[PDB]
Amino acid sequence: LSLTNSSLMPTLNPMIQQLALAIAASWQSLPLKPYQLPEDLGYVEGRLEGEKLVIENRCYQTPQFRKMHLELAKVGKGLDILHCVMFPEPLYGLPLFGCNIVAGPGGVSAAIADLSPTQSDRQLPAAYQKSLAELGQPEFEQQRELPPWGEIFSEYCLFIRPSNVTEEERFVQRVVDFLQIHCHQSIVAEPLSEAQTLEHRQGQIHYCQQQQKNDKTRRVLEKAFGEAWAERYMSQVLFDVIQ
């Protein structure tokens, strides 16, 4: 979790570096245990006919979080990516924390973050709604509309092109705020009924199936590793459907 040994970190976009550090700091003092990705994946690289893609993976678990996945990637020299999801244990009914930053030579092109619902009514639990509303509406100059598969995201979802350093920092601070709310709610969550656990499991399955429709991720993976590898990676490593 200490990113001091990361090969990629020193070379990544500064907003990605700050967000990676914030996520790792959020996790550092939790009751962590390792989570073994398929084939005990850590670092991987690939190339076909174009640029090489390099990926670093860290993954943990706690009693409240089934799988806490932080991934850093770089395609060639330009394109830097941070991907993070905390997949909840359905027993506790917590939402899904996720974020993705994509950056190039010209700066950050996409910054997305959310606490995504798992309830059948598509709403965050009441305590989250309350705490999130109290943060206020953040202002960003260049909002982006989610694609249709993004119906999975809550009304608090951020999806922007940051306009300047102030907005980069405002976005990272809001992600820190989401993490602080999420970690707090994890300590007050009670184990739920079997019917409720089942409901939350279904919401998490749906979230993964929709995230797998994102061709932006798929094309990056395919250009470096090919179709079969990308399908395995998206369905088994990034967005595994629990069952």
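Sequential numbering from 1, following the sequence displayed.
### Query
On average, are the C-alpha B-factors higher in 163 to 171 or in 133 to 141?
Of 133 to 141 and 163 to 171, the stretch with the higher C-alpha B-factor average is 133 to 141.
### Query
Looking only at CA atoms, which has the higher mean B factor in the entry: 145 to 153 or 124 to 132?
Result of the comparison: 124 to 132.
### Query
With respect to the C-alpha temperature factors reported in the PDB entry, which of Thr217, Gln61, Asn57, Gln185 ranks highest?
If I rank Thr217, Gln61, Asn57, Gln185 by C-alpha B-factor, first place goes to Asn57.
### Query
So among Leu30, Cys208, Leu192, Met68, who wins on Cα B-factor in the entry?
In the PDB entry, the greatest C-alpha B-factor among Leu30, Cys208, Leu192, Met68 is found at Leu192.
### Task
Give the position of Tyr35 by CA B-factor within its chain, expressed as the lowest, middle or highest third.
Within its chain, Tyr35 is a highest-third residue by C-alpha B-factor, going by the deposited values.
### Task
Determine, from the deposited record, the chain-internal third of the Cα B-factor for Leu3: lowest, middle or highest.
As the PDB entry reports it, the C-alpha B-factor of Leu3 lands in the highest third of its chain.
### Task
Just say lowest, middle or highest third for the CA B-factor of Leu79 relative to the other modelled residues in its chain.
It belongs to the highest third of the chain when residues are ordered by C-alpha B-factor.
### Query
Ranked by Cα temperature factor within the chain, is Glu49 in the lowest third, the middle third or the highest third?
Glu49: CA B-factor falls in the highest third of its chain.
### Task
Divide the modelled residues of the chain into thirds by Cα B-factor and specify which third, lowest, middle or highest, holds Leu238.
According to the entry, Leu238 has a C-alpha B-factor in the chain's lowest third.
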